[PDB]
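First up is the structure itself, then whatever we jot down about it.
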Amino acid sequence: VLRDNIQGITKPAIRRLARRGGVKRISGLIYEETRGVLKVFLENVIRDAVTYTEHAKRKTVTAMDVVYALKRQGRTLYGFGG
Amino acid sequence: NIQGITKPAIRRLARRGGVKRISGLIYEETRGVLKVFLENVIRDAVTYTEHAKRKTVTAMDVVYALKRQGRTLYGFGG
Amino acid sequence: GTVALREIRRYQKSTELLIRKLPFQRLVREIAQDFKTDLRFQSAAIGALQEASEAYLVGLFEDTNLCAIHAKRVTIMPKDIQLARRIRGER
Amino acid sequence: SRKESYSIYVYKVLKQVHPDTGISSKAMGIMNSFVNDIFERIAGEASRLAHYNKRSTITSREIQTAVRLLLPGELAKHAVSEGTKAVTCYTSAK
Amino acid sequence: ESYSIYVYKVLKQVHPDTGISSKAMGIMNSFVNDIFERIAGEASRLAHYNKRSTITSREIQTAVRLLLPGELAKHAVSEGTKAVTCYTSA
Amino acid sequence: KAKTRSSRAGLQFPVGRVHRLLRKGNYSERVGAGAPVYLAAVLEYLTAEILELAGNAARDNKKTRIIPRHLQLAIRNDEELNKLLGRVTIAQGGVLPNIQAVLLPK
Amino acid sequence: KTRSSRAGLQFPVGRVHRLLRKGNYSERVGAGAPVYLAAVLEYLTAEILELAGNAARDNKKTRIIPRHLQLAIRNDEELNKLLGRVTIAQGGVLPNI
DNA sequence: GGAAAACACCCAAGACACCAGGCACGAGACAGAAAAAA
DNA sequence: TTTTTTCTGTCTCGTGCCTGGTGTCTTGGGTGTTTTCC
């Protein structure tokens, strides 16, 4: 079982992602909110991906399903098939 | 006739959105963005009509163009 | 302040992923576990999820930086996060 | 020529759920547009999802999965239950 | 199936001395497939609207004007028209 | 007596019409038998929910007429229905009354 | 003998025709539609590869990288307008301070 | 980075339940219209 | 005075039956990809 793993997304990783976006200063409360946003986004993508796997009578999530699912969320991905 | 979108009308439109105070320079900006949006939708409706071999733009072309831009309109035969 | 611009210059020119692979893998498996058990995952699916989540977070931080710039500040705050999400249409 | 519509059925279900309430013509147009739009969404999702598995048939499974993909939350679950109820009722008769 | 050979041909047409990575090849394949899907689906949607059962050059042309933006589409339309007459004159 | 498929499944929506529209709406060569029944049931449930909430919202307004205003109220006041019908504009529906807290004077 | 040589194209016209026939869009497909679609695809791919080769040359590189594709797409108004909702894997972000 | 385990996706052969197709009947849906209520 | 429910004529599209092909399903084997562990 896995319990309280979202904290594995470290604070320097969020710092690096913000630096990529051009952010100069970062408040201390940003990290928990960012973790929550990432959890919401991942849940939304994973729900559709697991539904696509369940319909095909498969037991493994493939890359194509994840592409199809993000494209269904308006987040089309190039480079992993389609 | 872009000046036909008069100042009280755009004031009313801002007022429906819950806005309390209006800057004096905002009206030209709203006229510009309304012109841009109308330009895009009118262009798409016109080429839809031209493909349909017709000379009169119907409501279906407008609703089609709007729905193709992710702005689906209910109530006009969609 | 100087090293902030140095970090911006370094990371905006680089292309490798900035989220560490194994914690993200465990996070994906932990989230997917509560929808269905004994789920397997292709490596390419995990990589696609990582790339998409990184792109989304980079875009969100850029829009948040614009919001922070608007309020005559240089530090981003959580209120900028929910402002960007609200305007962008997420709930 | 004529043009089909869902007006009579919408009026029937309204009389089922609210016996003392009528409906205006504009609201009838909105309800017709709503039913048509939902129809196109579910049918297109089912057609795509069927095309993914290299299948030629839209069955109850494809419609059920499309409903789970589109409808957000508990609505999907309720819709799925009633749809299954309808199918077995059809299967129980002939 | 993939579009690797044809992308290689047009690449060596426009840039004989430039190579390409495999990830870029996958990106190109995804791009071509996405654009194909968009144009073909919009052309089918136009065919459904006008109560037509045949996809001809016309609906493809109008789909090209509908999707591609600006000058691009014009040159693309011109290119497609040239291909059609090139097909017709061969 | 040739009984309708709608009466066989206990539905008000036309099973035959959705079957014809699926077969004629260029999706796939062949259409399974249970798909029109399932689709009609889903459409029925959804229209029942929308009309129910709209009739209730009209009932708080002491009206016997359902207008687009009540439909817009019913759609926007329900969280999941607002999520589903996010990107649609209801003609003559108006906007929900919403005034910000700090917008008010002191 | 081939339709590609008759149309002066490098993309396979037969492949586009086969995808249109087995793609469940319409009952019939005219002869001019796959030729037109193949020509549009060839022109677009030539344009984006041209801009990518120019960006790679400016970066003193001999092989095109997804970084170069991301730069070529995002530096072009018409292309990035077309590809606004596309995120390129291993593309990074455009340098903007 | 190494080293197994094994689970599960891919592929081939055959069989049949099920969906399209053709066609006749008609009765329920659609428009004309008549009346009621606000 | 006008929006709207109900009655009626009319028609066309749904229902029902038979046929017939075949798409989907099943089974059996195998490699290989992913998980587990140091």
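Labeling convention for the structure tokens: chains A, B, ... as they appear, residues from 1 per chain, ligands from 1 in order of appearance.
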Find the residues near residue 84 in chain C: any atom within 9 Å, counting only C-alpha atoms (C1' of nucleotides), skip ones fewer than 3 places away on the same chain, and give them as a PyMOL selection string. chain C and resi 60+63-64+67+79-81+87-90
With chain C as the partner and 12 Å as the cut-off, tabulate the residues of chain I that qualify, each row holding the nearest pair of atoms and their distance in Å to one decimal, using only C-alpha atoms (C1' of nucleotides), sorted by chain and rising number, as CSV.
```
residue,atom,partner,partner_atom,distance
I:33,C1',C:42,CA,8.4
I:34,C1',C:42,CA,7.2
I:35,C1',C:40,CA,8.5
```
Distance cut-off 8 Å, counting only C-alpha atoms (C1' of nucleotides) - which residues of chain I neighbour chain F? Return them as a PyMOL selection string. chain I and resi 14-16
Just asking: which residues within chain B are helix (DSSP H, G or I) according to DSSP, as a VMD selection string? chain B and resid 2 to 4 7 to 16 26 to 51 59 to 68
Next, dump the selected residues to file, keeping only N, CA and C atoms, as a compact mmCIF listing (two decimals), in the first residue's frame.
```
# COMPACT_ATOMS: atom_id res chain seq x y z
N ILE B 2 -18.71 51.24 -36.12
CA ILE B 2 -18.24 50.69 -34.85
C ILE B 2 -18.59 51.63 -33.70
N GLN B 3 -18.75 52.93 -33.98
CA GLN B 3 -19.23 53.88 -33.00
C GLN B 3 -20.70 53.69 -32.66
N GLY B 4 -21.43 52.89 -33.44
CA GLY B 4 -22.80 52.55 -33.10
C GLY B 4 -22.95 51.77 -31.81
N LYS B 7 -21.76 54.30 -25.79
CA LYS B 7 -21.20 54.25 -24.44
C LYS B 7 -22.18 53.74 -23.37
N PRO B 8 -23.45 54.18 -23.30
CA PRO B 8 -24.37 53.53 -22.35
C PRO B 8 -24.57 52.04 -22.59
N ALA B 9 -24.57 51.57 -23.84
CA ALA B 9 -24.76 50.14 -24.10
C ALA B 9 -23.61 49.31 -23.55
N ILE B 10 -22.37 49.72 -23.83
CA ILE B 10 -21.22 48.98 -23.32
C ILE B 10 -21.13 49.13 -21.80
N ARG B 11 -21.58 50.28 -21.26
CA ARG B 11 -21.70 50.43 -19.81
C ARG B 11 -22.67 49.42 -19.21
N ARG B 12 -23.83 49.22 -19.86
CA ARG B 12 -24.78 48.20 -19.42
C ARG B 12 -24.19 46.80 -19.48
N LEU B 13 -23.47 46.49 -20.56
CA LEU B 13 -22.83 45.18 -20.70
C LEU B 13 -21.81 44.94 -19.60
N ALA B 14 -21.01 45.95 -19.27
CA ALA B 14 -20.10 45.83 -18.14
C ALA B 14 -20.85 45.71 -16.82
N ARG B 15 -21.99 46.39 -16.71
CA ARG B 15 -22.76 46.36 -15.48
C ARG B 15 -23.37 45.00 -15.22
N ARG B 16 -23.77 44.27 -16.27
CA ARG B 16 -24.26 42.91 -16.07
C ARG B 16 -23.19 42.00 -15.47
N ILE B 26 -11.52 52.50 -21.56
CA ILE B 26 -11.81 51.09 -21.80
C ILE B 26 -12.71 50.89 -23.02
N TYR B 27 -13.51 51.89 -23.41
CA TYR B 27 -14.53 51.72 -24.44
C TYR B 27 -13.95 51.37 -25.80
N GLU B 28 -12.84 52.00 -26.18
CA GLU B 28 -12.17 51.65 -27.43
C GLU B 28 -11.65 50.22 -27.40
N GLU B 29 -11.16 49.78 -26.23
CA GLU B 29 -10.67 48.41 -26.09
C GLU B 29 -11.80 47.40 -26.25
N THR B 30 -12.96 47.66 -25.62
CA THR B 30 -14.10 46.76 -25.79
C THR B 30 -14.60 46.75 -27.23
N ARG B 31 -14.62 47.91 -27.88
CA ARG B 31 -15.00 47.95 -29.30
C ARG B 31 -14.04 47.13 -30.15
N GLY B 32 -12.74 47.21 -29.85
CA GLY B 32 -11.76 46.42 -30.59
C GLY B 32 -11.93 44.92 -30.41
N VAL B 33 -12.10 44.47 -29.16
CA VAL B 33 -12.24 43.03 -28.93
C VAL B 33 -13.56 42.50 -29.51
N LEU B 34 -14.64 43.29 -29.41
CA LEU B 34 -15.90 42.90 -30.03
C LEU B 34 -15.77 42.81 -31.55
N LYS B 35 -15.05 43.76 -32.16
CA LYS B 35 -14.78 43.71 -33.59
C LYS B 35 -13.99 42.47 -33.98
N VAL B 36 -12.99 42.10 -33.18
CA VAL B 36 -12.17 40.91 -33.47
C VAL B 36 -13.02 39.64 -33.43
N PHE B 37 -13.80 39.49 -32.35
CA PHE B 37 -14.66 38.31 -32.21
C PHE B 37 -15.70 38.22 -33.32
N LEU B 38 -16.37 39.34 -33.62
CA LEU B 38 -17.35 39.37 -34.69
C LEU B 38 -16.71 39.07 -36.04
N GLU B 39 -15.50 39.59 -36.27
CA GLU B 39 -14.76 39.32 -37.50
C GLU B 39 -14.52 37.82 -37.69
N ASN B 40 -14.05 37.15 -36.64
CA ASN B 40 -13.77 35.71 -36.73
C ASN B 40 -15.04 34.90 -37.00
N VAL B 41 -16.10 35.16 -36.23
CA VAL B 41 -17.33 34.38 -36.39
C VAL B 41 -17.98 34.65 -37.75
N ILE B 42 -17.99 35.92 -38.18
CA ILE B 42 -18.55 36.29 -39.48
C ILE B 42 -17.76 35.65 -40.62
N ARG B 43 -16.43 35.64 -40.52
CA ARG B 43 -15.60 34.97 -41.53
C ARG B 43 -15.95 33.49 -41.66
N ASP B 44 -16.03 32.79 -40.53
CA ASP B 44 -16.34 31.36 -40.58
C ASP B 44 -17.75 31.10 -41.12
N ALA B 45 -18.73 31.92 -40.72
CA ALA B 45 -20.08 31.77 -41.25
C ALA B 45 -20.13 32.04 -42.75
N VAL B 46 -19.37 33.03 -43.23
CA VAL B 46 -19.35 33.36 -44.65
C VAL B 46 -18.76 32.23 -45.48
N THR B 47 -17.64 31.64 -45.04
CA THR B 47 -17.09 30.53 -45.83
C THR B 47 -17.96 29.27 -45.74
N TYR B 48 -18.64 29.06 -44.61
CA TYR B 48 -19.65 28.00 -44.54
C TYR B 48 -20.74 28.21 -45.58
N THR B 49 -21.25 29.44 -45.68
CA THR B 49 -22.28 29.77 -46.66
C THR B 49 -21.77 29.58 -48.09
N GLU B 50 -20.54 30.02 -48.36
CA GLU B 50 -19.96 29.87 -49.70
C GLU B 50 -19.78 28.41 -50.09
N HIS B 51 -19.42 27.55 -49.13
CA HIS B 51 -19.40 26.13 -49.43
C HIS B 51 -20.79 25.57 -49.69
N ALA B 59 -29.09 31.08 -39.97
CA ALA B 59 -28.72 30.94 -38.57
C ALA B 59 -27.91 29.67 -38.31
N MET B 60 -28.16 28.61 -39.09
CA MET B 60 -27.44 27.35 -38.92
C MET B 60 -25.95 27.51 -39.15
N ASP B 61 -25.55 28.28 -40.17
CA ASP B 61 -24.13 28.56 -40.40
C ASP B 61 -23.51 29.27 -39.20
N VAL B 62 -24.23 30.23 -38.62
CA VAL B 62 -23.71 30.97 -37.47
C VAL B 62 -23.52 30.04 -36.27
N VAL B 63 -24.54 29.23 -35.97
CA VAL B 63 -24.47 28.32 -34.84
C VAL B 63 -23.39 27.26 -35.06
N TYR B 64 -23.22 26.82 -36.31
CA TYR B 64 -22.17 25.88 -36.67
C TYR B 64 -20.79 26.47 -36.40
N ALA B 65 -20.53 27.66 -36.95
CA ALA B 65 -19.27 28.36 -36.74
C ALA B 65 -18.97 28.58 -35.26
N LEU B 66 -19.97 29.02 -34.49
CA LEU B 66 -19.78 29.23 -33.05
C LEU B 66 -19.47 27.94 -32.31
N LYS B 67 -20.19 26.86 -32.63
CA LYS B 67 -19.93 25.56 -32.01
C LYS B 67 -18.57 25.00 -32.40
N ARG B 68 -18.12 25.26 -33.63
CA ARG B 68 -16.77 24.88 -34.03
C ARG B 68 -15.69 25.67 -33.30
```
For the atom pair CA of residue 78 in chain G and CA of residue 53 in chain B, what is the interatomic distance in Å to one decimal place? 28.8 Å
Ranking A:77, A:69, A:6, A:50 by minimum distance to residue 35 in chain A and counting only C-alpha atoms, which one comes first?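 Using only C-alpha atoms, the shortest distance to residue 35 in chain A belongs to A:6.
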Chain B residues within 7 Å of chain F, counting only C-alpha atoms: which ones, as an mmCIF file with N, CA, C and O atoms, in the first residue's frame?
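Just written: iface01.cif:
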```cif
data_model
loop_
_atom_site.group_PDB
_atom_site.id
_atom_site.type_symbol
_atom_site.label_atom_id
_atom_site.label_comp_id
_atom_site.auth_asym_id
_atom_site.auth_seq_id
_atom_site.Cartn_x
_atom_site.Cartn_y
_atom_site.Cartn_z
ATOM 1 N N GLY B 18 -21.200 42.728 -13.156
ATOM 2 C CA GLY B 18 -20.919 43.093 -11.786
ATOM 3 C C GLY B 18 -19.831 44.119 -11.600
ATOM 4 O O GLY B 18 -19.225 44.160 -10.527
ATOM 5 N N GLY B 70 -15.936 26.296 -30.111
ATOM 6 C CA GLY B 70 -16.118 26.001 -28.701
ATOM 7 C C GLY B 70 -17.040 26.944 -27.963
ATOM 8 O O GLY B 70 -16.912 27.097 -26.748
ATOM 9 N N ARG B 71 -17.967 27.585 -28.669
ATOM 10 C CA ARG B 71 -18.900 28.553 -28.096
ATOM 11 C C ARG B 71 -20.327 28.165 -28.449
ATOM 12 O O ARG B 71 -21.084 28.952 -29.022
ATOM 13 N N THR B 72 -20.668 26.908 -28.152
ATOM 14 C CA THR B 72 -21.950 26.294 -28.504
ATOM 15 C C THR B 72 -23.143 27.099 -28.004
ATOM 16 O O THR B 72 -23.205 27.483 -26.835
ATOM 17 N N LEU B 73 -24.084 27.357 -28.904
ATOM 18 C CA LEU B 73 -25.249 28.187 -28.630
ATOM 19 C C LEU B 73 -26.500 27.323 -28.672
ATOM 20 O O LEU B 73 -26.716 26.593 -29.644
ATOM 21 N N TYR B 74 -27.313 27.398 -27.626
ATOM 22 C CA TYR B 74 -28.566 26.658 -27.577
ATOM 23 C C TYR B 74 -29.725 27.597 -27.864
ATOM 24 O O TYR B 74 -29.721 28.751 -27.432
ATOM 25 N N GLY B 75 -30.720 27.098 -28.585
ATOM 26 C CA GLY B 75 -31.961 27.829 -28.777
ATOM 27 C C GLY B 75 -32.248 28.253 -30.200
ATOM 28 O O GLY B 75 -33.322 28.816 -30.448
#
```
Applying 12 Å and only C-alpha atoms (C1' of nucleotides), which residues near range 1-7 of chain I remain after dropping the ones on its own chain fewer than 4 positions away? List them as a ChimeraX atom specification. /D:11,22-25 /F:65 /H:32-38
Please provide as a VMD selection string all residues within 10 Å of range 84-92 of chain G, with the sequence filter that same-chain residues fewer than 4 positions apart are discarded (counting only C-alpha atoms (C1' of nucleotides)). (chain A and resid 20 71 74 to 80) or (chain C and resid 11 to 17 47 to 48 50 to 52 54 to 56 58) or (chain E and resid 23 to 24 27 31) or (chain G and resid 65 to 71 73 to 74 77 to 80)
Same residues, C-alpha atoms, output as an mmCIF file, in the first residue's frame:
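Output (part-v4.cif):
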```cif
data_model
loop_
_atom_site.group_PDB
_atom_site.id
_atom_site.type_symbol
_atom_site.label_atom_id
_atom_site.label_comp_id
_atom_site.auth_asym_id
_atom_site.auth_seq_id
_atom_site.Cartn_x
_atom_site.Cartn_y
_atom_site.Cartn_z
ATOM 1 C CA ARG A 20 11.500 27.518 -16.066
ATOM 2 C CA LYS A 71 -6.070 14.829 -26.182
ATOM 3 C CA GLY A 74 -7.496 19.316 -24.860
ATOM 4 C CA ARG A 75 -3.838 18.636 -23.968
ATOM 5 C CA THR A 76 -2.592 16.924 -27.155
ATOM 6 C CA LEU A 77 0.841 15.315 -26.838
ATOM 7 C CA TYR A 78 3.295 14.901 -29.708
ATOM 8 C CA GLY A 79 6.007 12.247 -29.664
ATOM 9 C CA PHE A 80 4.324 9.193 -28.101
ATOM 10 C CA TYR C 11 16.500 26.111 -17.000
ATOM 11 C CA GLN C 12 14.881 27.911 -19.949
ATOM 12 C CA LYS C 13 17.672 26.652 -22.232
ATOM 13 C CA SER C 14 17.576 23.052 -20.947
ATOM 14 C CA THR C 15 15.182 20.330 -22.113
ATOM 15 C CA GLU C 16 15.503 17.479 -19.601
ATOM 16 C CA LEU C 17 12.719 16.744 -17.140
ATOM 17 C CA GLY C 47 6.954 9.249 -19.290
ATOM 18 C CA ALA C 48 4.022 10.772 -21.186
ATOM 19 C CA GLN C 50 5.539 13.212 -16.581
ATOM 20 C CA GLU C 51 6.039 15.323 -19.711
ATOM 21 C CA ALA C 52 2.406 16.478 -19.800
ATOM 22 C CA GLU C 54 5.583 19.311 -16.407
ATOM 23 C CA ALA C 55 4.301 21.259 -19.430
ATOM 24 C CA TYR C 56 1.046 22.054 -17.603
ATOM 25 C CA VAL C 58 5.232 25.411 -16.520
ATOM 26 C CA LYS E 23 12.276 11.593 -31.353
ATOM 27 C CA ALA E 24 11.835 14.290 -34.003
ATOM 28 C CA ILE E 27 7.001 14.103 -33.412
ATOM 29 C CA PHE E 31 1.950 15.979 -36.298
ATOM 30 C CA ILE G 65 16.275 18.012 -32.166
ATOM 31 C CA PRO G 66 12.743 18.441 -30.697
ATOM 32 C CA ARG G 67 14.167 21.610 -29.107
ATOM 33 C CA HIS G 68 14.621 22.946 -32.648
ATOM 34 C CA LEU G 69 11.086 21.869 -33.611
ATOM 35 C CA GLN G 70 9.688 23.643 -30.541
ATOM 36 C CA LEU G 71 11.663 26.794 -31.388
ATOM 37 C CA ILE G 73 6.910 26.196 -34.136
ATOM 38 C CA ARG G 74 6.788 28.822 -31.381
ATOM 39 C CA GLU G 77 2.881 33.354 -35.708
ATOM 40 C CA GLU G 78 0.859 31.261 -38.154
ATOM 41 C CA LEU G 79 2.316 27.936 -36.979
ATOM 42 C CA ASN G 80 1.977 28.630 -33.248
#
```
Which residues are near range 44-60 of chain E? Cut-off 9 Å, only C-alpha atoms (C1' of nucleotides), ignore same chain within fewer than 6 positions. Put them as number ranges by chain. B: 48, 51-52; E: 80-81, 84; F: 25-26; G: 25-37
So that I can check the surroundings of residue 81 in chain F, please list as a list in words every protein, DNA and RNA residue that reaches within 10 Å of it, counting only C-alpha atoms (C1' of nucleotides) and ignoring chain neighbours fewer than 3 positions away. residues 71, 72, 73 and 75 of chain D; 46, 49, 50, 74, 75, 76, 77, 78, 84, 85 and 86 of chain F
Could you write those residues out with C-alpha atoms, as a short mmCIF file (atom, residue, chain, number, x, y, z; two decimals), in the first residue's frame?
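Listed below is the output, out_19.cif:
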```cif
data_model
loop_
_atom_site.label_atom_id
_atom_site.label_comp_id
_atom_site.auth_asym_id
_atom_site.auth_seq_id
_atom_site.Cartn_x
_atom_site.Cartn_y
_atom_site.Cartn_z
CA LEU D 71 -20.94 12.74 -17.76
CA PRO D 72 -19.21 14.23 -14.69
CA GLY D 73 -19.62 12.41 -11.39
CA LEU D 75 -24.77 11.65 -12.86
CA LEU F 46 -30.69 13.61 -18.42
CA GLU F 49 -33.08 15.87 -14.41
CA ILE F 50 -32.86 19.17 -16.31
CA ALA F 74 -31.24 25.19 -13.14
CA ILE F 75 -28.04 24.57 -15.12
CA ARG F 76 -25.79 27.05 -13.33
CA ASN F 77 -27.01 26.32 -9.78
CA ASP F 78 -26.15 22.60 -9.98
CA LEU F 84 -21.14 19.11 -18.06
CA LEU F 85 -22.64 22.17 -19.78
CA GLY F 86 -19.64 24.40 -19.17
#
```
Report the closest atom pair, with its distance in Å rounded to one decimal, for each residue of chain A that has an atom no farther than 12 Å from chain H; count only C-alpha atoms (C1' of nucleotides), sort by chain and then rising residue number, and write it as a Markdown table.
```
| residue | atom | partner | partner_atom | distance |
| --- | --- | --- | --- | --- |
| A:56 | CA | H:9 | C1' | 11.5 |
| A:57 | CA | H:9 | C1' | 10.6 |
| A:58 | CA | H:9 | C1' | 8.2 |
| A:59 | CA | H:8 | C1' | 7.5 |
| A:60 | CA | H:8 | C1' | 8.3 |
| A:61 | CA | H:9 | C1' | 11.5 |
| A:62 | CA | H:9 | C1' | 11.0 |
```
